[PDB]
>>> print(open('final05.csv').read())   # CSV, C-alpha atoms
chain,number,residue,atom,x,y,z
A,1,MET,CA,-10.8,31.3,18.3
A,2,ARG,CA,-13.0,29.1,16.1
A,3,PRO,CA,-11.8,25.5,16.3
A,4,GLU,CA,-11.6,25.1,12.5
A,5,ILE,CA,-9.3,28.2,12.3
A,6,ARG,CA,-7.2,27.1,15.3
A,7,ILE,CA,-6.4,23.7,13.8
A,8,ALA,CA,-5.9,25.2,10.3
A,9,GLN,CA,-3.4,27.8,11.6
A,10,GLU,CA,-1.5,25.1,13.4
A,11,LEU,CA,-1.5,23.0,10.2
A,12,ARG,CA,-0.2,26.0,8.2
A,13,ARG,CA,2.6,26.8,10.6
A,14,UNK,CA,3.7,23.2,11.1
A,15,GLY,CA,3.2,22.7,7.4
A,16,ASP,CA,5.6,25.6,6.7
A,17,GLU,CA,8.1,24.5,9.3
A,18,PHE,CA,8.0,21.0,7.7
A,19,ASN,CA,8.4,22.5,4.2
A,20,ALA,CA,11.5,24.3,5.3
A,21,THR,CA,13.3,21.3,6.7
B,1,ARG,CA,16.5,-30.5,-10.8
B,2,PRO,CA,17.0,-27.0,-9.2
B,3,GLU,CA,13.4,-26.1,-10.0
B,4,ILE,CA,12.2,-29.2,-8.2
B,5,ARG,CA,14.6,-28.8,-5.3
B,6,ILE,CA,13.4,-25.2,-4.4
B,7,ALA,CA,9.7,-26.1,-5.2
B,8,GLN,CA,9.7,-29.0,-2.8
B,9,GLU,CA,11.3,-26.8,0.0
B,10,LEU,CA,8.6,-24.2,-0.7
B,11,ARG,CA,6.0,-26.9,-0.6
B,12,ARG,CA,7.2,-28.3,2.7
B,13,UNK,CA,7.5,-24.8,4.2
B,14,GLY,CA,4.2,-23.7,2.9
B,15,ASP,CA,2.5,-26.7,4.5
B,16,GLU,CA,4.2,-26.0,7.9
B,17,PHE,CA,3.2,-22.4,7.6
B,18,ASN,CA,-0.3,-23.5,6.7
B,19,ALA,CA,-0.4,-25.6,9.8
B,20,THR,CA,0.6,-22.9,12.3
B,21,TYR,CA,-1.7,-19.9,11.8
B,22,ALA,CA,-4.7,-21.9,10.4
C,1,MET,CA,-12.2,-11.1,-9.7
C,2,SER,CA,-9.5,-11.4,-12.4
C,3,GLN,CA,-8.8,-7.7,-12.1
C,4,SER,CA,-8.8,-8.0,-8.3
C,5,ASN,CA,-6.2,-10.8,-8.5
C,6,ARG,CA,-4.0,-8.5,-10.7
C,7,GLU,CA,-4.2,-5.7,-8.1
C,8,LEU,CA,-3.2,-8.2,-5.4
C,9,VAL,CA,-0.1,-9.2,-7.3
C,10,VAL,CA,0.7,-5.6,-8.0
C,11,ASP,CA,0.3,-4.6,-4.3
C,12,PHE,CA,2.3,-7.5,-3.0
C,13,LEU,CA,5.2,-7.0,-5.4
C,14,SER,CA,5.2,-3.2,-5.0
C,15,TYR,CA,5.6,-3.6,-1.3
C,16,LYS,CA,8.4,-6.3,-1.6
C,17,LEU,CA,10.3,-4.1,-4.1
C,18,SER,CA,10.1,-1.0,-1.9
C,19,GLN,CA,11.3,-3.0,1.1
C,20,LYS,CA,14.6,-3.4,-0.9
C,21,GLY,CA,14.7,0.2,-2.3
C,22,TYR,CA,13.2,-0.6,-5.7
C,23,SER,CA,10.1,0.9,-7.2
C,24,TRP,CA,7.2,-0.7,-9.1
C,25,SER,CA,5.9,2.5,-10.5
C,26,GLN,CA,5.9,6.3,-10.2
C,27,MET,CA,2.5,6.1,-8.6
C,28,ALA,CA,3.8,3.5,-6.2
C,29,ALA,CA,6.7,6.0,-5.4
C,30,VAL,CA,4.4,9.0,-4.9
C,31,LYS,CA,2.2,6.9,-2.5
C,32,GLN,CA,5.2,5.8,-0.6
C,33,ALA,CA,6.7,9.2,-0.2
C,34,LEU,CA,3.3,10.6,0.9
C,35,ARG,CA,2.9,7.8,3.5
C,36,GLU,CA,6.5,8.5,4.8
C,37,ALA,CA,6.0,12.3,5.0
C,38,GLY,CA,2.6,11.8,6.7
C,39,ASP,CA,4.3,9.6,9.3
C,40,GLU,CA,7.1,12.0,9.8
C,41,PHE,CA,4.7,15.0,10.1
C,42,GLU,CA,2.6,13.3,12.8
C,43,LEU,CA,5.7,12.1,14.6
C,44,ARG,CA,7.1,15.7,15.0
C,45,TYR,CA,3.9,17.6,15.6
C,46,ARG,CA,1.6,15.1,17.4
C,47,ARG,CA,1.7,16.9,20.7
C,48,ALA,CA,1.0,20.2,19.0
C,49,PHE,CA,-2.2,18.7,17.5
C,50,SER,CA,-3.4,16.9,20.6
C,51,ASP,CA,-7.2,17.3,21.0
C,52,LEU,CA,-7.4,19.7,18.0
C,53,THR,CA,-9.4,17.3,15.9
C,54,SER,CA,-11.5,16.2,18.8
C,55,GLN,CA,-12.3,19.9,19.3
C,56,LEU,CA,-13.9,20.1,15.9
C,57,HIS,CA,-16.8,18.0,17.2
C,58,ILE,CA,-17.3,16.0,14.0
C,59,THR,CA,-20.9,15.1,13.2
C,60,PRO,CA,-22.4,14.0,9.9
C,61,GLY,CA,-24.3,17.3,9.8
C,62,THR,CA,-21.2,19.5,10.4
C,63,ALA,CA,-18.3,17.5,8.9
C,64,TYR,CA,-18.4,19.1,5.4
C,65,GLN,CA,-18.3,22.7,6.5
C,66,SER,CA,-15.7,21.9,9.1
C,67,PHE,CA,-13.5,20.2,6.5
C,68,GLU,CA,-13.9,23.1,4.0
C,69,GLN,CA,-13.2,25.8,6.6
C,70,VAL,CA,-10.0,24.1,7.7
C,71,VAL,CA,-8.7,23.5,4.2
C,72,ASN,CA,-9.6,27.0,3.0
C,73,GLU,CA,-7.7,28.6,5.9
C,74,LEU,CA,-4.7,26.2,5.5
C,75,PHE,CA,-4.2,27.2,1.9
C,76,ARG,CA,-5.5,30.8,2.2
C,77,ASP,CA,-2.2,32.5,1.4
C,78,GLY,CA,-0.7,29.8,-0.9
C,79,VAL,CA,0.5,26.3,-1.4
C,80,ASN,CA,3.7,24.4,-0.6
C,81,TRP,CA,4.5,20.7,-0.2
C,82,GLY,CA,4.5,20.8,3.6
C,83,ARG,CA,1.0,22.2,3.7
C,84,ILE,CA,-0.1,19.5,1.2
C,85,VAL,CA,1.4,16.9,3.6
C,86,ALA,CA,-0.5,18.7,6.4
C,87,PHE,CA,-3.7,18.5,4.3
C,88,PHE,CA,-3.4,14.7,3.9
C,89,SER,CA,-2.6,14.2,7.5
C,90,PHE,CA,-5.6,16.3,8.5
C,91,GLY,CA,-7.8,14.1,6.3
C,92,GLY,CA,-6.5,10.9,7.8
C,93,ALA,CA,-6.9,12.2,11.3
C,94,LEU,CA,-10.4,13.2,10.5
C,95,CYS,CA,-11.2,9.8,9.1
C,96,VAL,CA,-9.8,8.0,12.1
C,97,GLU,CA,-11.9,10.3,14.3
C,98,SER,CA,-15.1,9.4,12.4
C,99,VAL,CA,-14.6,5.7,12.9
C,100,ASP,CA,-13.8,6.2,16.6
C,101,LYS,CA,-17.1,8.1,17.0
C,102,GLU,CA,-19.0,5.4,15.1
C,103,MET,CA,-19.5,7.8,12.2
C,104,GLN,CA,-18.0,5.4,9.6
C,105,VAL,CA,-20.3,6.9,6.9
C,106,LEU,CA,-18.0,10.0,6.9
C,107,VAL,CA,-14.9,8.1,5.7
C,108,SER,CA,-16.1,7.8,2.1
C,109,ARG,CA,-17.4,11.4,2.1
C,110,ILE,CA,-14.1,12.7,3.5
C,111,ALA,CA,-12.1,10.8,0.9
C,112,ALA,CA,-14.3,12.4,-1.9
C,113,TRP,CA,-13.9,15.9,-0.5
C,114,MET,CA,-10.1,15.4,-0.3
C,115,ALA,CA,-10.0,14.2,-3.9
C,116,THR,CA,-12.2,17.1,-5.1
C,117,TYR,CA,-10.0,19.7,-3.4
C,118,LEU,CA,-6.8,18.0,-4.6
C,119,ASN,CA,-8.1,17.8,-8.2
C,120,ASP,CA,-9.5,21.3,-8.4
C,121,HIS,CA,-7.4,23.5,-6.1
C,122,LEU,CA,-4.1,21.8,-5.5
C,123,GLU,CA,-3.3,20.3,-8.9
C,124,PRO,CA,-2.7,23.7,-10.6
C,125,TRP,CA,0.0,24.5,-8.1
C,126,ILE,CA,1.4,21.0,-8.3
C,127,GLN,CA,1.7,21.2,-12.1
C,128,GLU,CA,3.5,24.6,-11.7
C,129,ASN,CA,6.0,23.3,-9.1
C,130,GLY,CA,7.5,20.1,-10.5
C,131,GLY,CA,4.6,17.7,-10.3
C,132,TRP,CA,4.4,14.8,-7.8
C,133,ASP,CA,7.8,13.8,-9.2
C,134,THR,CA,9.4,16.8,-7.5
C,135,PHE,CA,7.6,15.9,-4.3
C,136,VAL,CA,9.3,12.4,-4.5
C,137,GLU,CA,12.7,13.9,-5.0
C,138,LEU,CA,12.4,16.3,-2.0
C,139,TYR,CA,10.4,13.9,0.3
C,140,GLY,CA,11.1,10.3,-0.9
D,1,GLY,CA,3.2,15.9,-15.2
D,2,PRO,CA,1.1,13.3,-17.1
D,3,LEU,CA,-2.5,14.5,-17.7
D,4,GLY,CA,-4.1,11.3,-19.0
D,5,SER,CA,-4.9,9.6,-15.7
D,6,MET,CA,-4.9,12.5,-13.2
D,7,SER,CA,-8.4,12.1,-12.0
D,8,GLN,CA,-8.2,8.4,-11.2
D,9,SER,CA,-4.6,8.7,-9.9
D,10,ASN,CA,-5.4,11.4,-7.5
D,11,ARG,CA,-8.3,9.3,-6.2
D,12,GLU,CA,-6.0,6.3,-5.8
D,13,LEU,CA,-3.5,8.6,-3.9
D,14,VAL,CA,-6.2,9.7,-1.4
D,15,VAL,CA,-7.5,6.1,-1.0
D,16,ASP,CA,-3.9,4.8,-0.4
D,17,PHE,CA,-3.1,7.4,2.2
D,18,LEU,CA,-6.4,7.0,4.1
D,19,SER,CA,-6.2,3.2,3.9
D,20,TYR,CA,-2.7,3.4,5.5
D,21,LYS,CA,-3.8,5.9,8.3
D,22,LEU,CA,-6.9,3.8,9.1
D,23,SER,CA,-4.9,0.6,9.2
D,24,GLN,CA,-2.3,2.2,11.6
D,25,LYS,CA,-5.2,2.8,14.0
D,26,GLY,CA,-6.7,-0.7,13.7
D,27,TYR,CA,-9.3,0.0,10.9
D,28,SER,CA,-9.7,-1.2,7.3
D,29,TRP,CA,-10.7,1.0,4.4
D,30,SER,CA,-12.3,-2.0,2.5
D,31,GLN,CA,-12.3,-5.7,2.1
D,32,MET,CA,-9.7,-5.5,-0.6
D,33,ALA,CA,-7.4,-3.3,1.5
D,34,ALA,CA,-7.7,-5.9,4.2
D,35,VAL,CA,-6.8,-8.8,1.8
D,36,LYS,CA,-3.8,-6.8,0.6
D,37,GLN,CA,-2.7,-6.1,4.1
D,38,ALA,CA,-3.0,-9.7,5.3
D,39,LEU,CA,-1.1,-10.9,2.2
D,40,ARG,CA,1.7,-8.4,2.8
D,41,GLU,CA,1.9,-9.4,6.5
D,42,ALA,CA,1.8,-13.2,5.8
D,43,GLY,CA,4.5,-12.7,3.2
D,44,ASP,CA,6.7,-10.8,5.7
D,45,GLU,CA,6.2,-13.6,8.2
D,46,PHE,CA,6.9,-16.3,5.6
D,47,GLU,CA,10.2,-14.7,4.5
D,48,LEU,CA,11.1,-14.0,8.1
D,49,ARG,CA,10.7,-17.6,9.2
D,50,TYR,CA,11.9,-19.4,6.0
D,51,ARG,CA,14.6,-17.0,4.8
D,52,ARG,CA,17.0,-19.6,3.5
D,53,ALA,CA,14.4,-20.9,1.0
D,54,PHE,CA,15.0,-17.7,-1.0
D,55,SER,CA,18.8,-17.5,-0.9
D,56,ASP,CA,20.6,-17.1,-4.3
D,57,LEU,CA,17.5,-18.0,-6.4
D,58,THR,CA,18.9,-16.5,-9.6
D,59,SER,CA,22.2,-18.5,-9.4
D,60,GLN,CA,20.6,-21.7,-8.2
D,61,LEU,CA,18.0,-21.5,-11.0
D,62,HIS,CA,20.5,-20.0,-13.5
D,63,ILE,CA,17.9,-17.3,-14.2
D,64,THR,CA,18.3,-15.5,-17.5
D,65,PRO,CA,15.6,-13.6,-19.5
D,66,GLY,CA,15.6,-16.5,-21.9
D,67,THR,CA,15.0,-19.2,-19.3
D,68,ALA,CA,13.1,-17.3,-16.6
D,69,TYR,CA,9.6,-18.1,-17.7
D,70,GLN,CA,10.2,-21.9,-17.9
D,71,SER,CA,12.0,-21.9,-14.6
D,72,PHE,CA,9.2,-19.9,-12.9
D,73,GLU,CA,6.5,-22.1,-14.3
D,74,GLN,CA,8.3,-25.3,-13.3
D,75,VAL,CA,8.7,-24.2,-9.7
D,76,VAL,CA,5.0,-23.2,-9.3
D,77,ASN,CA,3.8,-26.4,-11.0
D,78,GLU,CA,5.8,-28.5,-8.6
D,79,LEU,CA,4.7,-26.4,-5.6
D,80,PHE,CA,1.0,-27.1,-6.4
D,81,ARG,CA,1.4,-30.5,-8.1
D,82,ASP,CA,-0.5,-32.3,-5.5
D,83,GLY,CA,-2.9,-29.7,-4.2
D,84,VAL,CA,-3.4,-26.2,-2.8
D,85,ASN,CA,-3.6,-24.7,0.7
D,86,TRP,CA,-3.3,-21.1,1.9
D,87,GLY,CA,0.2,-21.7,3.2
D,88,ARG,CA,1.3,-22.8,-0.2
D,89,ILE,CA,-0.3,-19.8,-1.8
D,90,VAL,CA,1.7,-17.5,0.6
D,91,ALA,CA,4.8,-19.4,-0.5
D,92,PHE,CA,3.9,-18.7,-4.2
D,93,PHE,CA,3.6,-14.9,-3.6
D,94,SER,CA,6.8,-14.8,-1.5
D,95,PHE,CA,8.7,-16.8,-4.2
D,96,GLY,CA,7.6,-14.3,-6.9
D,97,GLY,CA,8.6,-11.4,-4.8
D,98,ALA,CA,12.0,-12.9,-4.1
D,99,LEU,CA,12.6,-13.7,-7.8
D,100,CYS,CA,11.7,-10.1,-8.7
D,101,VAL,CA,14.0,-8.6,-6.1
D,102,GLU,CA,16.9,-10.8,-6.9
D,103,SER,CA,16.4,-10.4,-10.7
D,104,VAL,CA,16.8,-6.6,-10.1
D,105,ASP,CA,19.8,-7.2,-7.9
D,106,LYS,CA,21.3,-9.2,-10.7
D,107,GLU,CA,20.5,-6.5,-13.4
D,108,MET,CA,17.7,-8.3,-15.1
D,109,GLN,CA,15.1,-5.6,-14.3
D,110,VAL,CA,12.8,-6.4,-17.2
D,111,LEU,CA,11.9,-9.6,-15.4
D,112,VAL,CA,9.9,-7.8,-12.7
D,113,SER,CA,7.2,-6.9,-15.2
D,114,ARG,CA,7.1,-10.4,-16.7
D,115,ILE,CA,7.0,-12.3,-13.4
D,116,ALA,CA,4.1,-10.1,-12.3
D,117,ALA,CA,2.1,-11.0,-15.4
D,118,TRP,CA,3.1,-14.7,-15.0
D,119,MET,CA,2.0,-14.6,-11.4
D,120,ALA,CA,-1.4,-13.0,-12.2
D,121,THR,CA,-2.1,-15.6,-15.0
D,122,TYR,CA,-1.4,-18.5,-12.7
D,123,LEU,CA,-3.4,-17.0,-9.9
D,124,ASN,CA,-6.4,-16.4,-12.2
D,125,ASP,CA,-6.1,-19.7,-14.1
D,126,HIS,CA,-4.9,-22.2,-11.5
D,127,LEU,CA,-5.5,-20.8,-8.0
D,128,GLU,CA,-8.8,-18.9,-8.2
D,129,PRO,CA,-10.9,-22.1,-8.6
D,130,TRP,CA,-9.5,-23.4,-5.3
D,131,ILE,CA,-9.8,-20.0,-3.6
D,132,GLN,CA,-13.5,-19.8,-4.5
D,133,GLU,CA,-14.2,-23.3,-3.2
D,134,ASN,CA,-12.3,-22.6,0.1
D,135,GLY,CA,-14.0,-19.4,1.2
D,136,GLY,CA,-12.4,-16.7,-1.0
D,137,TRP,CA,-9.8,-14.2,0.1
D,138,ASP,CA,-12.1,-13.2,3.0
D,139,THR,CA,-11.5,-16.6,4.5
D,140,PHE,CA,-7.7,-16.0,4.2
D,141,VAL,CA,-8.1,-12.7,6.0
D,142,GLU,CA,-10.2,-14.5,8.6
D,143,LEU,CA,-7.4,-17.2,9.1
D,144,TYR,CA,-4.3,-15.1,8.4
D,145,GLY,CA,-5.2,-11.4,9.2
D,146,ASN,CA,-5.0,-9.5,12.4
>>> encode(input="final05.csv", output="structure tokens")
Amino acid sequence: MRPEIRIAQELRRXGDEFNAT
Amino acid sequence: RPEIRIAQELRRXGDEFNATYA
Amino acid sequence: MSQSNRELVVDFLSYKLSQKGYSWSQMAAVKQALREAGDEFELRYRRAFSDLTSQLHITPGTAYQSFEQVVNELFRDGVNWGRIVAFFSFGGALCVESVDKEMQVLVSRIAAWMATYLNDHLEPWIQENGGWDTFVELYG
Amino acid sequence: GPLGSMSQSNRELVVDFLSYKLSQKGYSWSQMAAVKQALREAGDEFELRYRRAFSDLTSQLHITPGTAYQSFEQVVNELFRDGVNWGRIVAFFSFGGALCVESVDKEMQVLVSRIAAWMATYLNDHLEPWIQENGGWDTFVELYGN
């Protein structure tokens, strides 16, 4: 629940979704 | 002549441009 | 000043060429594809990232560790082009946040941290996965 | 990929992206990024307002690789024959950009690299003295930037 980890896990997910398209 | 024709247009347009924003 | 004038010609013509679908250089093409992907990334996921950068509470004393923690978690289990786009977007958002908070001194520091991470920790993957040229073909 | 300029190129890649993101939010990475932006914007506005100046440059000028240099130099010498102002300098950049695009359109691609050099030489040799006397590029950004 650390702010750094929250933004990073959103960056990763979104990053991976972006990569797939 | 074509060089002078376009260059004079550019000159006239450049001065007008120069006049508007500054 | 002579060199600055050259760079000004190069920037102007690279822009004018790209407006018509032409390319001044490979570097110009990588920069353009990266700008476009960053715009498209922020367009699609803006709402999902609302407040998340504000929530990091950027200060000169905490910016470096916050930057490293984010990038280390982002790439923790590997690299792909989308995560690299996310990395650049994250750095840009962090820079805009610094100026907004009147912490302009962070911009040049953030730029250096990004270049260091790119050079040392992303370039090996990039070399193995087609180079920036493959990024342009997939994202340009 | 190419190894010989990786360190500098990766730095320029970061700077370019951050310059762009800052500009999109009303900020400037540096004085030079601001000059570049103001010149791109002024050139866009000049070509928007005076589009017909640029029509069919290569056929009107009969541009060929063998005649391009003399044609380019004759136009710029007439443009500045009786002095310089910032508006004429924008016309000069916009003219060079149009000549490059239309040379490529007409399958004379080698001319882009030469025009760029011819432009830089004229800027350094014939425009820089005036630019220094009239406030430098920072004054252009003052007068023409946003």
>>> closest_residue(input="final05.csv", among="D:122, D:69, D:80, D:130", to="chain C", atoms="all atoms listed in the file")
D:122
>>> interface_residues(input="final05.csv", of="chain A", to="chain C", cutoff="6 Å", atoms="all atoms listed in the file", output="list in words")
residues 3, 4, 7, 8, 11, 12, 15, 16, 18 and 19 of chain A
>>> residues_around(input="final05.csv", residues="residue 131 in chain C", least_positions_apart="4", cutoff="12 Å", atoms="all atoms listed in the file", output="ChimeraX atom specification")
/C:26-27,30,80-81,122-127,135-138 /D:1-3,6
>>> closest_residue(input="final05.csv", among="D:90, D:35, D:79, D:111", to="residue 8 in chain B", atoms="only C-alpha atoms")
D:79
>>> atom_distance(input="final05.csv", atom1="CA of residue 50 in chain D", atom2="CA of residue 1 in chain B")
20.7 Å
>>> build_atoms(input="final05.csv", residues="range 46-73 of chain C", atoms="N, CA and C atoms", output="compact mmCIF listing (two decimals), keeping the file's coordinate frame")
# COMPACT_ATOMS: atom_id res chain seq x y z
N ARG C 46 2.74 15.71 16.70
CA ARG C 46 1.60 15.10 17.40
C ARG C 46 1.18 15.88 18.60
N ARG C 47 2.10 16.19 19.52
CA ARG C 47 1.70 16.90 20.70
C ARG C 47 1.08 18.27 20.41
N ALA C 48 1.54 18.94 19.35
CA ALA C 48 1.00 20.20 19.00
C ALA C 48 -0.47 20.11 18.51
N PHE C 49 -0.83 18.96 17.96
CA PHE C 49 -2.20 18.70 17.50
C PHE C 49 -3.05 17.94 18.42
N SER C 50 -2.57 17.66 19.63
CA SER C 50 -3.40 16.90 20.60
C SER C 50 -4.71 17.66 20.80
N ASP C 51 -5.80 16.90 20.66
CA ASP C 51 -7.20 17.30 21.00
C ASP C 51 -7.77 18.20 19.86
N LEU C 52 -6.94 18.76 18.97
CA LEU C 52 -7.40 19.70 18.00
C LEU C 52 -8.49 19.15 17.08
N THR C 53 -8.35 17.88 16.69
CA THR C 53 -9.40 17.30 15.90
C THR C 53 -10.61 16.91 16.68
N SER C 54 -10.40 16.43 17.91
CA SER C 54 -11.50 16.20 18.80
C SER C 54 -12.34 17.46 19.00
N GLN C 55 -11.66 18.61 19.12
CA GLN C 55 -12.30 19.90 19.30
C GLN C 55 -13.19 20.34 18.17
N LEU C 56 -13.06 19.73 16.99
CA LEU C 56 -13.90 20.10 15.90
C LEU C 56 -15.34 19.57 16.06
N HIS C 57 -15.53 18.61 16.97
CA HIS C 57 -16.80 18.00 17.20
C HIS C 57 -17.50 17.48 15.97
N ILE C 58 -16.84 16.51 15.34
CA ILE C 58 -17.30 16.00 14.00
C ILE C 58 -18.66 15.33 14.21
N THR C 59 -19.61 15.73 13.37
CA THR C 59 -20.90 15.10 13.20
C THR C 59 -21.20 14.96 11.73
N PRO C 60 -22.06 14.02 11.32
CA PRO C 60 -22.40 14.00 9.90
C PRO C 60 -22.99 15.30 9.39
N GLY C 61 -23.72 16.03 10.24
CA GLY C 61 -24.30 17.30 9.80
C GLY C 61 -23.33 18.45 9.74
N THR C 62 -22.16 18.37 10.39
CA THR C 62 -21.20 19.50 10.40
C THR C 62 -19.89 19.15 9.71
N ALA C 63 -19.67 17.90 9.29
CA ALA C 63 -18.30 17.50 8.90
C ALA C 63 -17.89 18.27 7.62
N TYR C 64 -18.78 18.44 6.63
CA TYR C 64 -18.40 19.10 5.40
C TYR C 64 -17.92 20.50 5.59
N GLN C 65 -18.70 21.30 6.31
CA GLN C 65 -18.30 22.70 6.50
C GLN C 65 -17.04 22.79 7.34
N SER C 66 -16.89 21.92 8.34
CA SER C 66 -15.70 21.90 9.10
C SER C 66 -14.47 21.56 8.24
N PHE C 67 -14.63 20.57 7.36
CA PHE C 67 -13.50 20.20 6.50
C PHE C 67 -13.17 21.39 5.57
N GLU C 68 -14.17 22.02 4.95
CA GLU C 68 -13.90 23.10 4.00
C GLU C 68 -13.22 24.29 4.72
N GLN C 69 -13.72 24.64 5.91
CA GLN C 69 -13.20 25.80 6.60
C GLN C 69 -11.70 25.57 6.94
N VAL C 70 -11.36 24.36 7.35
CA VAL C 70 -10.00 24.10 7.70
C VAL C 70 -9.11 24.18 6.45
N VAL C 71 -9.52 23.52 5.35
CA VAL C 71 -8.70 23.50 4.20
C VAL C 71 -8.57 24.88 3.53
N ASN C 72 -9.65 25.67 3.58
CA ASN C 72 -9.60 27.00 3.00
C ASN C 72 -8.65 27.91 3.81
N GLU C 73 -8.62 27.76 5.14
CA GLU C 73 -7.70 28.60 5.90
C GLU C 73 -6.25 28.05 5.76
